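Asker: so I've got this experimental structure, pasted below with the sequence.
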Amino acid sequence: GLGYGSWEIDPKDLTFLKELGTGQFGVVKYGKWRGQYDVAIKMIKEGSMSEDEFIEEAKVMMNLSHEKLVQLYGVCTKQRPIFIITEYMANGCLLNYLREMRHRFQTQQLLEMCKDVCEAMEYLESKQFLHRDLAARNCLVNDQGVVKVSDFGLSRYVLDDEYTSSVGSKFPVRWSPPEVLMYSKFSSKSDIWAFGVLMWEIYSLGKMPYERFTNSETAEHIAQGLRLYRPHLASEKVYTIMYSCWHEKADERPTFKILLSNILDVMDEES
Ligand SMILES: CN(C)C[C@H](O)COc1ccc(Nc2ncc3[nH]c(=O)c(=O)n(-c4ccc5c(c4)CCC5)c3n2)cc1
């Protein structure tokens with residue numbers, strides 16, 4: 001209605017039902033939009049986000065529509081804290097889901113999770129849109145057990161310097177290729193590297209990558225040309241796929257289209 005652009009949701013249309021938890025921008029709630037539609041509501045803590053830049057980017061993000069991407073529905077930006085309204089994913093973050101041993105996952109279920117994420121990433125790659133912080137903690141799981149990629153590009157708007165540089169103390173060192181750690185060279189191939197690490201997280205049922213090392217030690221390890229090794233649940237063919245994401249030379253790493261093809265081939269050979 002009047003006073004709201006196509007990217008803008010009227011907060012008066014929201015019914016708040018449950019608190020999901022706190023993320024790095026603050027509290028996230030579950031609710032309904034116009035009494036019927038499930039939504040998640042990020043409530044953005046004052047001083048945590050580059051809000052004007054995010055709002056301009058939200059316009060681009062809302063047009064990134066793919067079944068395996070958590071949809072941005074709109075933003076509430078007339079008052080602080082601002083809200084980001086997203087698709088609701090009932091089974092929570094992927095990292096926590098993997099760590100719940102009750103699920104007793106078959107490897108075919110783990111490969112399907114990888115395929116979900118790979119499809120999202122092939123879509124973003126086709127739109128020349130980098131995720132910039134791909135990891136299991138940034139994927140969500142719906143009530144059907146479908147995995148979707150969330151928070152694509154959002155690291156660009158984080159004002160906490162601990163997150164936004166290697167000199168910072170919350171930077172995703174363990175998901176980063178050597179050229180990011182050495183030179184801050186972000187590209188499609190840094191997303192590819194991260195996706196390999198995410199496959200490793202899935203097949204390890206949510207272990208921390210390089211779990212016995214510090215971030216500094218991890219940086220040195222990968223700079224010496226050394227890598228993660230094979231999760232017990234990963235077949236030889238699955239391991240080859242994740243390992244292909246870690247070529248020292250970025251231009252030798254596959255595309256998301258190639259990875260998707262490889263993952264489908266393994267699904268065919270292993271089901
Ligand atoms: C019961 N117990 C064991 C699980 C906890 O109760 C956590 O349950 C949860 C968490 C998230 C969801 N679903 C959802 N759906 C769309 C989201 N969109 C966002 O932008 C967004 O930022 N989060 C989110 C992402 C990560 C985290 C939170 C929110 C809260 C802390 C971690 C979204 N979480 C469901 C259930």
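Answerer: Okay, I see it. Numbering: from 1, shown residues only.
Asker: residue in the stretch 51-200 of the chain with the shortest distance to the ligand?
Answerer: residue 92 (3.3 Å; Cβ to the nearest ligand atom). Where you see a C-beta, it was placed from the backbone N, CA and C, and this is true even at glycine.
Asker: ok, and the closest non-adjacent residue to that residue?
Answerer: Computed as Cβ to Cβ, 6 or more residues apart in numbering, the closest residue to residue 92 that is not its neighbour in sequence is residue 141, at 6.3 Å.
Asker: OK, contacts around residue 130?
Answerer: By Cβ atoms under 8 Å, 6 or more residues apart in numbering, the contact list for residue 130 reads 124, 153, 186-188, 190-191.
Asker: ugh, wrong one, I meant residue 204
Answerer: Contacts of residue 204 (Cβ under 8 Å, 6+ apart): 231, 233.
Asker: same question for residue 207.
Answerer: Contacts for residue 207 were tallied using Cβ under 8 Å, 6+ apart; they are 201, 231.
Asker: ok, it to residue 201 distance?
Answerer: Noted for residue 207: a distance of 7 Å to residue 201, by Cβ to Cβ, to the nearest Å.
Asker: swap in residue 229?
Answerer: Using Cβ to Cβ, we find residue 229 at a distance of 14 Å from residue 201.
Asker: between the two, tell me which one has more neighbours.
Answerer: residue 201 (26 against 9; other Cβ atoms under 10 Å).
Asker: helices along the chain, start to end?
Answerer: Listed in chain order, the helices of the chain (DSSP state H) span 51-61, 94-99, 107-126, 178-183, 188-203, 215-223, 236-244, 256-269.
Asker: what's the angle from the third one to helix 256-269?
Answerer: Meaning helix 107-126. Note on geometry: by axes from the mean of the first three to the mean of the last three Cα atoms, to 10 degrees, helix 107-126 and helix 256-269 are set 160 degrees apart in direction.
Asker: need the nearest residue in space to the residue in the chain positioned nearest to the ligand, chain neighbours excluded.
Answerer: Per Cβ to the nearest ligand atom, the residue of the chain with the smallest distance to the ligand is residue 21, at 2.6 Å. Leaving aside its sequence neighbours, residue 21 sits nearest to residue 28 (Cβ to Cβ, 6+ apart; 6.1 Å).
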